[PDB]
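Residues per chain, in single letters:
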Amino acid sequence: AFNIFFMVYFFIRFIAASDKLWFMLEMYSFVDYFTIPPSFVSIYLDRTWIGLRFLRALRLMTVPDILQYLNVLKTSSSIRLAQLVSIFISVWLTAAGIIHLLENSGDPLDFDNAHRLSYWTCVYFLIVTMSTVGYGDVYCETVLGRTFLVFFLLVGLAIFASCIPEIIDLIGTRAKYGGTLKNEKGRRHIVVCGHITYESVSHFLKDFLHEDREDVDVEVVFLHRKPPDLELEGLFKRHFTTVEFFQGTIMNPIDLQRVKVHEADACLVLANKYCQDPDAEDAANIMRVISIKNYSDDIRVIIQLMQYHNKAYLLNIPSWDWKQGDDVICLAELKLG
Amino acid sequence: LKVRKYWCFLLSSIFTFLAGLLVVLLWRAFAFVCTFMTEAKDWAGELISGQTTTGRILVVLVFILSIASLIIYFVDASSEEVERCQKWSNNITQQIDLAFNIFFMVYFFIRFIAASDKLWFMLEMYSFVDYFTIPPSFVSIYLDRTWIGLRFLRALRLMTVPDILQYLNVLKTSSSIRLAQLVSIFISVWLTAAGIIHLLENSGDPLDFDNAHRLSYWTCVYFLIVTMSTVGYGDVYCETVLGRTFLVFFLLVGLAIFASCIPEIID
Ligand SMILES: CC(C)CCC[C@@H](C)[C@H]1CC[C@H]2[C@@H]3CC=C4C[C@@H](O)CC[C@]4(C)[C@H]3CC[C@]12C
Ligand SMILES: CC(C)CCC[C@@H](C)[C@H]1CC[C@H]2[C@@H]3CC=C4C[C@@H](O)CC[C@]4(C)[C@H]3CC[C@]12C
Ligand SMILES: [K+]
Ligand SMILES: [K+]
Ligand SMILES: [K+]
Ligand SMILES: [K+]
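Residues numbered from 1 in each chain as written, not as in the entry; some residues may be left out. Chains lettered and ligands numbered in written order. Part of a larger assembly, values for the part shown. Heavy atoms only, no water.

Determination of this PDB entry was carried out by cryo-EM to a resolution of 2.38 Å, according to the record.

In structure tokens form, the structure reads like this:
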């Protein structure tokens, strides 16, 4: 019942083929040549043979094509991952079928040195070979089995060494920093963005959380684009109950929702004082204030500014209001003062 | 050993995980249809991170019994048999195991309170270790018989050593933190995988248990390092169906760990 469907599917593919000569030599059609015709012969002969039924595993390499036809796979990484997994599994299962047939049948024209091996033992034997472990508990004994193993060792080992490392890093690790900040009743928090480094965060947290000042239950939420390094991650661990970090940009309205800017007491924009171009640094920080004010107008913003002539741009923003608590800390004005 | 009660140990661990999973979901529904918790949640989170003086003691105390729990598992796996019945009062090893396990459940409860969301906490990797470790101890207490079970999961607790050292500010530079993470990950995976091989090979195939392969735990440790190095002497190899099945999955991922951790540890 399955084979008759595949021949009419083969005929449909034949009609759709642009050139018939190259279609007959296609890899997929070669699978159908050695699969369906044996079924009819076994029907007339009233006897069954395992034959080359292992070639059905080669049909798994068209799964990424099938998923792309239905638009299930969209991003490039998912397409690459699907191709590598499908190729590795199909080759692994097909090679195990070849070993299973050659070993169990025995040498041709005598068929007296048959080696009894289960198919799943051959699957286990194949993965030991591709990993280059080679226990030797299971090994090929027939001439044909060893002959195929010689060719497989040349090409099969390269597939394992190229697919598995690329599969692992493509999967990667789950995003450690992400998701929305959990809402709490009667909770006060501030959002700190801009120049977020280990030196800037540690210096800020020491001054912000000092037992010489009044005790207030305000927690700090950090938003930055680049993931933190190991030193910064350890610092956040030591302040687990009062400091939270999220990965994202203040210019993305989605990320502003994640950190709950509209519910924050104030937004603090740190600046890179040791920057090559003070004008470029000031322009980036000014755009951050515009993004925050665009999301909501009644949010207190405190921003570190590098040069005084850039202060006019912030003052000309319609939503900027010094009465409501918006402040500009100009390093050039304060230092020279 | 006429009838094996290993299913009772597995059923209780599955039931405990399922009961806790639905209770959290039911409590969310119960809360939906219907100040101390907030105060306790902040206090609990401060304790597990070792911010206060009592928090530092608990974090250090967690380190001490994490190694101790694994050590008593080594002497427990040295037994020739995997299943045996004995009075709990006769052996002092079971008594010490109970003393360590009761601490880990109250430590689990403290971590549960400190958790921001309870649903994701129940699915955490660390909590999965506690699901299959402590509930079997109580079942073995009532059944008056002991089983090796999944006690090898205690080695997974070693991956929190870098977190413990970071809580106490022992690790400061980035290189030391990276080195601690790689060493802890490699050792925990190596010891856990050896425990899986030791259990599967010694127990035998399920529902028959007649093809058991007698292997010591340290032989499995030696077998694992030969596998990850891709040397494969073949003097020691898996014979059971379940043992080979796990080896197939380990060869896909375990070999990558060795090839990525050891070169990075050396330099
Ligand atoms: C594309 C064509 C020309 C390639 C050559 C045809 C191939 C596929 C055919 C022709 C001869 C056939 C082989 C003849 C003899 C044997 C030995 C038997 O115990 C297993 C099958 C096996 C190994 C056959 C496999 C398929 C085979 C190799
Ligand atoms: C997270 C949950 C859903 C995963 C599935 C539950 C797992 C952990 C449980 C359910 C069935 C259990 C298995 C049932 C049978 C056996 C065979 C026995 O000789 C060794 C233990 C072993 C191998 C058990 C290991 C643990 C097990 C696999
Ligand atoms: K090798
Ligand atoms: K070898
Ligand atoms: K080898
Ligand atoms: K060998």
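**Notes on the overall build of chain B**
Check the secondary structure of chain B and you find 11 helices and 2 strands. In terms of overall size, chain B behaves like a compact globule, its C-alpha atoms giving a radius of gyration of 20 Å where 267 residues would be expected to give roughly 18 Å. Looking at the 267 residues of chain B, the share that counts as buried comes to 48%. Of the accessible surface of chain B, which amounts to about 13,700 Å², a share of 70% is contributed by carbon and sulfur atoms. With 18 positive and 21 negative side-chain charges, chain B shows a spacing of 5 Å between the two charge centroids. (Helix = DSSP H or I, 4+ residues; strand = E, 2+ residues; numbered from the N terminus. Rg over C-alpha atoms; globule rule 2.2 N^0.38 Å. Buried < 20%, exposed > 50% of the residue type's maximum accessible area, 1.4 Å probe, protein only. Areas by Shrake-Rupley, 256 points an atom, 1.4 Å probe, with all protein chains shown as cover. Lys, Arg positive; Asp, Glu negative; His and termini not counted. Charge placed at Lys NZ, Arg CZ, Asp CG, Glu CD.)

**As for the interface of chain A and chain B**
Contacts between chain A and chain B engage 25 residues on the former and 32 residues on the latter. Surface buried jointly by chain A and chain B totals about 2,400 Å² across both partners, of which 63% is contributed by carbon and sulfur atoms. If you look at where chain A meets chain B, you find 1 salt bridge. Taking the shortest distance from any N to any O, the salt bridge between B:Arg244 and A:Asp137 comes out at 3.7 Å. There are 3 residue pairs in polar contact connecting chain A and chain B. Among the elements of the structure, α6 (76–105), α7 (119–130), α8 (143–171) and α10 (230–238) of chain A are those that each provide at least two residues to the side of chain A that touches chain B. Ranked by residues supplied to the side of chain A that touches chain B, first place goes to α10(A) with 6 residues. (Contact = heavy atoms within 4.5 Å. Buried area = accessible area lost by both parts, 1.4 Å probe. Salt bridge = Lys/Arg side-chain N within 4 Å of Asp/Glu carboxyl O. Polar contact = N/O pair within 3.5 Å; in protein donor to acceptor, adjacent residues only side chain to side chain.)

**Focus: the UniProt feature "transmembrane region" in chain B**
Residues and elements named next belong to chain B. Using the residue numbers shown here, the UniProt feature "transmembrane region" corresponds to residues 6–26, 57–78, 94–114, 119–139, 144–164, 180–200 and 246–266. Note that residues 6–26 is 100% helix and 0% strand, and that its end C-alpha atoms are spaced 30 Å apart. With 81% helix and 0% strand, residues 119–139 has end C-alpha atoms that lie 26 Å from one another. (UniProt positions renumbered as here; feature names shortened; annotations may be inferred.)

**What to know about the site of ligand 1**
Residues in close proximity to ligand 1 include A:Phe34, A:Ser105 and A:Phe111, which together make up its full environment. For ligand 1, whose unbound accessible area comes to 590 Å², protein coverage reaches 37%. (Near = heavy atom within 4 Å.)

**With respect to the coordination of the potassium ion (ligand 6)**
Protein coordination at the potassium ion (ligand 6) comes from A:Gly134 (O), A:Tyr135 (O), B:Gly232 (O) and B:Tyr233 (O), with a distance range of 2.9 to 3.1 Å. Between the two metal centres, the potassium ion (ligand 6) and the potassium ion (ligand 4), the spacing is 3.5 Å, with A:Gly134 acting as a shared donor. A residue pair is termed interchain when its members come from two chains, as with A:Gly134 in the loop between α7 and α8 and B:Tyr233 in the loop between α10 (217–228) and α11 (241–266). On the basis of relative accessibility, which here comes to 43%, the residue A:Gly134 falls in the partly exposed class. (Donors = N, O, S within 2.8 Å, 3.2 Å for Na, K, Ca; no water.)

**Focus: the state of the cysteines**
Defined simply, a disulfide is a covalent bond joining two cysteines at their sulfur atoms. Scanning the model with the defined rule gives 0 disulfides over all chains in all. Here A:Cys122 stays free of any disulfide, with the sulfur of A:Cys140 as its closest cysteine sulfur at 7.5 Å. (Disulfide = S-S within 2.5 Å.)

**Focus: the site of ligand 2**
All names here are of chain B. Around ligand 2, the structure places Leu10, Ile14, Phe132, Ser203 and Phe209. Within the complex, 53% of the 600 Å² of free accessible area of ligand 2 lies under protein. Its residues assigned to classes, the shell around ligand 2 shows 4 nonpolar, 1 polar and no charged. (Nonpolar A, V, L, I, M, F, W, Y, C, P; charged D, E, K, R; others polar.)

**Overview of the packing of aromatic side chains**
Residue and element names in this part refer to chain B. Counting across every chain of the model gives 39 aromatic pairs over all chains. Arranged with centres 5.6 Å apart and planes meeting at 80°, the rings of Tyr73 and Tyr217 form a pair that is edge-to-face. Note that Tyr73 is positioned in helix α3 (residues 53–77) and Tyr217 in helix α10, a separation of 144 residues in sequence. Each member of the pair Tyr73 and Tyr217 is classed as buried. Where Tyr217 meets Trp218, the ring centres are 5.3 Å apart and the plane angle is 70°; that geometry is what we call edge-to-face. Among the residues examined, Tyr217 registers a relative accessible area of 3% and is labelled buried. (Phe/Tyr/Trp six-rings, centres within 6.5 Å; stacked < 30°, edge-to-face > 60°.)

**What to know about the environment of A:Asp282**
All names here are of chain A. Mapped onto the elements, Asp282 comes out in helix α12 (residues 278–295). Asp282 gets classed as buried once you look at its relative accessible area, which sits at 0%. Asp282 sits 11 residues away from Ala271 along the chain, and the two C-alpha atoms are 8.1 Å apart. Beyond its immediate chain neighbours, meaning those up to four positions away, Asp282 contacts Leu305, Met306, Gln307 and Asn310.

**Brief notes about the coordination of the potassium ion (ligand 3)**
Coordination of the potassium ion (ligand 3) by the protein is provided by A:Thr132 (O), A:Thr132 (OG1) and B:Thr230 (O), with metal-donor distances spanning 2.9 to 3.1 Å. Note on B:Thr230: relative accessible area 28%, which makes it partly exposed.

**Focus on unusual backbone geometry**
One non-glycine residue, A:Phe111, lies in the positive phi region at around 55°. Tracing the chain through its elements places A:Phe111 in the loop between α6 and α7.

**Let's talk about the UniProt feature "intramembrane region" in chain B**
Those places that UniProt annotates as "intramembrane region" correspond, in this numbering, to residues 214–236 of chain B. Secondary structure across residues 214–236 of chain B divides into 52% helix and 0% strand, with the first and last C-alpha atoms of the span separated by 11 Å.

**Quick notes on the side chain of A:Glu103**
Residue and element names in this part refer to chain A. Mapping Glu103 onto the fold places it in helix α6. Although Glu103 is buried, it makes no salt bridge; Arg146 carries the closest opposite charge, 7.2 Å away. Once residues within four sequence positions are removed from consideration, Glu103 is found in contact with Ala114, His115, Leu117, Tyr139, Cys140, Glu141, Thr142 and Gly145.

**Quick word on the environment of A:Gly136**
All names here are of chain A. Along the polypeptide, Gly136 turns up in the loop between α7 and α8. You can call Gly136 partly exposed: its relative accessible area is 41%. Each C-alpha atom, one on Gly136 and one on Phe125, is 9.0 Å from the other, the two residues being 11 residues apart in sequence.

**Here we look at the sheet that holds strand β3 (residues 243–247) of chain A**
All names here are of chain A. Strand order in the open sheet formed by 6 strands is β3-β2-β1-β4-β5-β6, and the pairing between neighbours is parallel. Strands at the two margins of the open sheet, each flanked by one partner only, are β3 and β6 (327–330). Mean inter-strand twist for the sheet, computed between neighbouring axes without regard to direction, equals 20°. Judged from the 4 bridges that link them, strand β1 (residues 188–194) and strand β4 (residues 266–270) form a sheet pairing that is parallel. By the bridge assignment, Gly194 is partnered in β4 with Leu270. Here helix α9 (residues 198–208) sits on the sheet and contacts β1, β2 (218–224), β3 and β4; the angle it forms with β2, its principal contact strand, is near 165°. (Pairing = 2+ DSSP bridges. Axes fitted to C-alpha atoms, helices over the stretch in contact; angles between N-to-C directions.)

**Quick word on the nonpolar core**
Within the largest apolar cluster, 78 residues are counted, with the highest numbers of intra-cluster contacts made by A:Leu126 and A:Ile127. The set of elements that each furnish at least two residues to this core consists of α6, α7 and α8 of chain A together with α3, α8 (161–167), α9 (174–203), α10 and α11 of chain B. Discounting chain neighbours no more than four positions away, the residues touching A:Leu126 are A:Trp92, A:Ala95, A:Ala96, A:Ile99 and A:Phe152. Within the second largest apolar cluster, 24 residues are counted, among which are A:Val191, A:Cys193, A:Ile286 and A:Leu314. (Core = buried A, V, L, I, M, F, W, Y, C linked by side-chain atoms within 4.5 Å.)

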